[PDB]
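# Commentary on secondary and tertiary structure
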Amino acid sequence: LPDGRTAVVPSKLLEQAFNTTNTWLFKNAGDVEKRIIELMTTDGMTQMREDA
Amino acid sequence: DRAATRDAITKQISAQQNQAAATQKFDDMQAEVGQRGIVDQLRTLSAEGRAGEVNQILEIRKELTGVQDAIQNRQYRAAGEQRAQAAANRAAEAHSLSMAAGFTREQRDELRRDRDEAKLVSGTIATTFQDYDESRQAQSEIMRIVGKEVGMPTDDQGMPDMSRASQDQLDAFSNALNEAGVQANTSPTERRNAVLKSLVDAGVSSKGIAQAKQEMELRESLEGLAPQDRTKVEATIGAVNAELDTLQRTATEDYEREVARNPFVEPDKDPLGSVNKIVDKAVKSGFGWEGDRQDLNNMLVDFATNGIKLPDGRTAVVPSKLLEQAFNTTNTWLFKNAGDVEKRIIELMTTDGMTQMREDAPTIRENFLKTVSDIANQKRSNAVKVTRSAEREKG
Amino acid sequence: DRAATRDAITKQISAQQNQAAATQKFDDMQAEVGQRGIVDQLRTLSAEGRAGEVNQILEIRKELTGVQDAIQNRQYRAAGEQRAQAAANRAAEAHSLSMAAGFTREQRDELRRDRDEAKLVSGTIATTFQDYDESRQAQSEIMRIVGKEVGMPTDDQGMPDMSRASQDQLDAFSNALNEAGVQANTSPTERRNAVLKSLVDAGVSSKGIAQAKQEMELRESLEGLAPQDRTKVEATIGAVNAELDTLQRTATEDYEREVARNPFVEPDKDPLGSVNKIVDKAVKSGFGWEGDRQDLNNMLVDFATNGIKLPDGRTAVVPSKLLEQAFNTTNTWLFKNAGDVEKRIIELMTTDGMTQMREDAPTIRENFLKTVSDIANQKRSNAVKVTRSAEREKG
Amino acid sequence: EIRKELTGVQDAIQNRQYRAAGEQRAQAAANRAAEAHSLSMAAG
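Per the conventions used, each chain is numbered from 1 along its written sequence, independently of whether this matches the entry, and residues without coordinates are not displayed. Whichever chain is written first is A, and whichever ligand is written first is 1; the rest continue in order. The displayed chains are a subset of a larger assembly; all values refer to this subset. To obtain the side-chain values, all non-hydrogen atoms of the structure were included, while hydrogens and water were left out. Residues with missing side-chain atoms are left out of burial classes, side-chain pairs and their counts.

Deposited coordinates in this entry are attributed by the record to cryo-EM, at a stated resolution of 4.20 Å.

### Regarding the packing of aromatic side chains
All names here are of chain B. What counts is decided by this rule: Two rings from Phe, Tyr or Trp (for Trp, the six-membered ring) form a pair when their centres are within 6.5 Å of each other. A pair whose planes differ by under 30 degrees is stacked, one over 60 is edge-to-face, and the rest are tilted. Strands are runs of DSSP state E lasting at least 2 residues, helices are runs of H or I lasting at least 4, and numbering of each runs from the N terminus. Note on classification: 1.4 Å probe, protein chains only; a residue is buried when its accessible area is under 20% of the maximum for its type, exposed when over 50%, partly exposed between these limits.
According to the stated counting rule, one finds two aromatic pairs over all chains in the structure shown. On the numbers, 4.8 Å between centres and 25° between planes, the contact of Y255 with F368 is stacked. Pair noted here: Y255 is in helix α9 (residues 242–261) and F368 is in helix α14 (residues 352–394), with a separation of 113 residues, a long-range link. Both residues of the pair, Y255 and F368, belong to the buried class.

### Observations regarding the interface of chain D and chain B
Heads up, the rule is: Contact criterion: two residues are considered in contact whenever any of their non-hydrogen atoms come within 4.5 Å of each other. Charged means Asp, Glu, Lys or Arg here, nonpolar means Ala, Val, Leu, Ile, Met, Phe, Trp, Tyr, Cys or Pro, and polar covers whatever is left, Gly included.
Each partner contributes to the interface: chain D provides 10 residues, whereas chain B provides 10 residues. Residues that form the side of chain D that touches chain B fall into these classes: one nonpolar, four polar and five charged.

### Some thoughts on the arrangement of the chains
Most contacts, compared over the two pairs of chains touching, are made between chains B and D. Taking C-alpha atoms only, the smallest gap left between chain A and chain B, which are not in contact, amounts to 7 Å. Chain C shows no contact with chain D. Their nearest C-alpha atoms sit 30 Å apart.

### Let's talk about the nonpolar core
Side chains of a nonpolar character, in soluble globular proteins, are inclined to be buried together. Test applied: Here, nonpolar core means buried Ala, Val, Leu, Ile, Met, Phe, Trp, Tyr and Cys residues that are tied together by side-chain atoms lying within 4.5 Å of each other.
One finds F264, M299, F303, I308, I345 and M349 of chain C to be the most contacted residues of the largest nonpolar core, which totals 16 residues. For this core, the secondary-structure elements that each account for two or more residues are α11 (293–305), α12 (320–327) and α13 (338–349) of chain C. Filtering out sequence-adjacent residues up to four positions away, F264 of chain C remains in contact with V317, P319, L322, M349, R358, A361 and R365 of chain C. One finds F264, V318, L322 and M349 of chain B within the second-largest nonpolar core, a separate group that totals 11 residues.

### Quick word on the environment of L300 of chain C
Residue and element names in this part refer to chain C. Following the sequence through the fold, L300 ends up in helix α11. The exposure class assigned to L300 is buried, which follows from its relative accessible area of 18%. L300 has contacts with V275 and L323, leaving out every residue within four places of it along the chain.

This is the structure:
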């Protein structure tokens with residue numbers, strides 16, 4: 001995580017991150033890791049993370 | 001899914017979580033996890049319905065006719081009340097959707113807020129009573145065991161009879177309480193203040209607090225009554241609320257018929273998937289869009305999602321059957337391009353009668369909501385007055 | 001569909017909405033939504049029919065013959081009245097259609113207006129009584145419960161017996177009323193004034209207001225009677241109205257036979273689709289229009305829609321069988337062009353006997369309407385006189 | 001009399017079973033929550 005921590009990504013969040021409208025956007029490893037990084041940094045998702 | 005940012009969400013969202021909790025608790029209680037009582041249906045939707053279910057748990061032609069008449073009256077009243085509540089909920093949802101054109105609270109969401117506060121109060125109170133009942137039964141086990149040990153006049157329920165228990169009979173219970181148990185059972189006060197705090201946690205207007213206090217006084221009075229006296233009181237309440245119930249039901253049929261007449265008062269998400277078939281009618285031996293079936297579908301779902309730009313300066317969502325009758329002309333060759341069909345629907349939605357019906361729909365919707373709110377308020381008011389008068393007269 | 005502009009529509013249209021509301025309310029009540037009473041048919045079309053249905057709800061050869069005779073007389077009278085009403089409605093519609101040649105009210109629509117006002121009054125009064133009955137039963141539940149609690153002589157209905165209830169017996173009810181309930185039941189006044197206001201909202205001539213007031217007095221007197229006394233009074237009313245009923249029914253058969261003789265007194269929209277088959281008779285081995293089947297169909301439907309231009313200066317719609325007998329000649333070669341056939345139908349409609357029959361039709365139609373109106377007025381007048389005399393004599 | 005004990009035994013059984021089931025389900029849920037909390041804290 002960019003804050004300086006390490007959090008394990010859950011399952012359905014991962015699969016919904018992968019499942020886009022067209023898979024051609026996500027090809028390389030760097031692109032998909034950037035996608036999951038930016039999705040885990042969602043404000044509501046973050047708040048839920050420190051709420052757990 | 002919804003990706004909006006909650007941010008402050010001071011109101012209508014904490015209440016949303018609380019009502020979600022109330023609904024899931026009600027569902028869990030209705031599921032009857034494990035083995036419990038409730039031989040009959042035991043819907044427990046309202047006090048009158050719960051009393052009817054309790055009666056269901058409990059010359060010859062006299063009782064044969066009386067039981068049937070009581071069952072018919074209770075069932076009719078409960079069915080009318082629940083149908084009215086469902087219709088009012090649907091009307092309120094439609095009114096909120098109509099007002100949501102353009103967190104934009106206004107009077108529509110003010111009415112929504114007060115109705116949701118009433119629903120939260122009712123659900124929380126029902127959950128508290130249901131939770132208390134299990135403890136009451138568990139402690140009644142020991143009250144019955146002790147009463148059998150010392151020996152008091154008892155019936156099928158096992159607890160000593162109130163009328164037959166003299167002071168000397170209750171002396172055995174007093175000695176047992178002095179011995180062990182230490183069951184204060186002071187909850188009939190602490191309970192409601194706790195609920196108040198929860199309401200304070202949720203955030204409730206003064207009217208909701210007054211409604212909760214009235215529900216406390218009436219519920220505690222009902223719990224204090226003997227079963228026969230409780231049935232008498234609840235049936236008198238039903239009788240004094242019969243005229244309000246009749247007015248409410250009649251208003252409900254009138255307004256639901258008006259809804260059946262007017263699509264603008266009640267939209268539907270189903271026709272969003274229906275429009276595609278109309279697209280087919282533009283292709284089969286018909287001159288329509290120049291190979292723009294996808295474009296037609298996109299523009300139609302946009303029109304059914306956001307609405308057309310009315311020339312007055314507003315945006316109204318076109319209903320389904322008006323749309324299909326606009327499309328269905330004598331010869332489809334007249335309507336080919338997107339501009340022509342949008343001009344057609346624009347000029348058809350501007351019909352004088354159609355326009356009048358359009359601004360009539362919200363007025364009748366809010367009138368229905370106000371009428372049902374007033375009916376509920378008057379029902380609660382006459383109920384509280386009758387119950388407090390009866391309690392004062394008894395003691 | 002109708003695309004006419006309503007604009008002011010001060011009269012006959014607000015009444016139209018009110019009668020539509022009355023009809024839909026009657027249909028909803030007849031549908032019997034949910035579970036209710038009405039073990040028998042319970043048509044409740046009129047006071048006499050409703051009393052007969054109530055009786056249906058309720059030496060040996062004596063009663064065996066009497067019950068059968070009562071049923072036969074009631075059924076015959078009700079069937080005659082309803083058939084007469086339906087025939088009069090059809091005749092009034094035909095008269096309005098005939099007068100609509102050329103919002104053009106005149107005497108025909110004046111008669112239509114007063115008849116519609118009477119119908120509105122009857123429907124509104126029936127709806128009000130039906131709405132009141134449910135509240136009466138709901139409150140009678142508690143009256144019976146209280147009476148059983150204190151203990152009065154009671155029968156299958158559960159309410160204490162009026163004749164057997166002494167002053168001391170009614171003292172228990174008085175004490176119960178002083179205790180709780182607060183059921184004023186003052187409606188027997190407020191009710192009718194409310195109805196009056198609704199009539200004032202609808203717009204009613206003074207005659208309709210007088211009819212409504214008479215219906216109030218007679219209905220309240222009937223409600224005040226005991227069931228046996230009520231049956232006696234309604235049967236005496238039927239007896240005193242028997243001669244009026246016989247005159248009405250006989251007039252109805254006479255006038256409906258005259259209608260069966262005369263097409264001009266009663267048109268029909270069905271032959272508008274029939275004329276096409278006659279077109280076929282102009283083609284099968286016959287010299288007719290020179291390939292103008294569509295033109296012939298258009299001109300025939302125009303003639304059956306607007307009528308032919310009579311030489312006197314008027315326009316009359318040609319009926320069906322006269323048209324087909326005009327077309328059916330010994331040899332179809334005589335009638336080929338449109339001008340020849342229109343000249344043929346023009347000269348045939350100008351027949352002396354046919355003409356006399358034409359101006360006879362409206363006269364007999366209006367005579368039938370006037371006779372049924374007078375019969376209804378006399379029935380109501382003798383009913384109100386007998387009821388008020390009986391009420392004065394009883395007390 | 002006979003219905004007295006018939007109702008009492010059933011009520012006692014129902015109350016005891018409900019209480020025991022609630023307690024054991026609560027204990028299992030708490031154990032799972034504690035294991036999850038330990039796993040979450042074991043980061044690093």
